[PDB]
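# Would you be able to build a 3D model of this:
(chains A and B)
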Number of protein chains: 2
Amino acid sequence: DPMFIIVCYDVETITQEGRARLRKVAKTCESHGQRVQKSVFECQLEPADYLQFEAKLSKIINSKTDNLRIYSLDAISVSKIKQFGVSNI
Amino acid sequence: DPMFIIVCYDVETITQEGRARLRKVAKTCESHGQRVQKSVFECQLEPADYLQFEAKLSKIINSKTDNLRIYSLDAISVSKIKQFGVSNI
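Residues are numbered from 1 along each chain as shown, chains lettered A, B, ... in the order given. The relevant structure is shown in the block below.
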């Protein structure tokens, strides 16, 4: 029943403004899941809550600069997640 | 019949060696799909070819330094894939 969501956020983290945008997206995602890369998060949601969550992240980015890509997958979509190398940050 | 594959490669791009590792992953993924973000690619492969592909990416990375994450999905609707902002390289 619960949706599995991969959030991929490409934003510059040289400027304080850009670091703050990434911090804000991280903090939205981490109350529904886990940070797996600097800018990749895995979340679980009831489908009912999805749209509000999508709007929340959307509103945070600079749409003239940044890229946000969200995969909203059915539970059964995913057969295998394979990790390589090192797991911190 | 073929699997949908999200490749997420988190590598430092401060050193020439690190930029080169990202370039080499990109070039492997782009003969099987599309670069959709700086460090995210979408690929399609028949199962037999998956393992050889997974080994090829694995071999390229610094396993002590980089993070490579491969999602193996059953085929999804394009409607499950949401984008916001621009594609700026």
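
# and the nearest residue to residue A:10 once chain neighbours are set aside, what does it touch?
Using Cβ to Cβ, 6 or more residues apart in numbering or on different chains and skipping residues adjacent in sequence, the residue nearest residue A:10 is residue A:67, 4.2 Å away. C-betas here are computed from N, CA, C, even on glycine. Contacts for residue A:67 (Cβ atoms under 8 Å, 6 or more residues apart in numbering or on different chains) come out as A:8-11, B:37, B:83-88.

# Contacts for the biggest helix by length in chain A, please.
In chain A, with assignment by DSSP state H, the single longest helix is helix A:16-30. Residues from elsewhere that reach helix A:16-30, judged by Cβ under 8 Å, 6+ apart: A:7, A:9, A:11-13, A:35, A:38-39, A:41, A:43, A:53, A:56-57, A:60-62, A:66, A:68.

# right, and the helix or strand after it?
Next helix or strand after helix A:16-30 toward the C-terminus (DSSP states H and E): strand A:33-37.

# hey, C-alpha coordinates of that following strand in CSV?
Provided in CSV are the C-alpha atoms of strand A:33-37 (Å, rounded to 0.1, in the frame of the first residue of the first chain):
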residue,chain,number,x,y,z
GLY,A,33,12.6,8.4,5.2
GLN,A,34,16.4,8.5,4.8
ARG,A,35,19.2,10.4,3.0
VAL,A,36,21.2,7.8,0.9
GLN,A,37,23.5,10.3,-1.0
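
# which strands and helices sit next to the next helix or strand after it?
Using DSSP H and E, the next helix or strand after strand A:33-37 towards the C-terminus is strand A:40-45. Here strand A:40-45 touches strand A:3-10, helix A:16-30, strand A:33-37, going by 3 or more Cβ pairs under 8 Å, 6 or more residues apart in numbering or on different chains; DSSP states H and E.

# how about the residues of chain A near chain B?
Neighbours of chain B within chain A, by Cβ under 8 Å from any Cβ of the partner chain: A:6, A:8, A:10, A:36-40, A:54, A:57-58, A:61-73, A:76-87.

# Tell me which of those fall in helices.
A:54, A:57-58.

# Just among those, which is most surrounded?
Counting neighbours by other Cβ atoms under 10 Å in any protein chain shown, residue A:57 comes out on top of those with 21 neighbours.

# returning to what we had before: what separation do you get for the residue nearest to residue A:10 and residue B:86?
Noted for residue A:67: a distance of 6 Å to residue B:86, by Cβ to Cβ, to the nearest Å.

# circling back to that earlier point, now restrict the residues of chain A next to chain B to buried residues only.
A:6, A:8, A:10, A:36-40, A:54, A:57, A:61, A:66-73, A:77-78, A:81, A:85 (16 or more other Cβ atoms under 10 Å in any protein chain shown).
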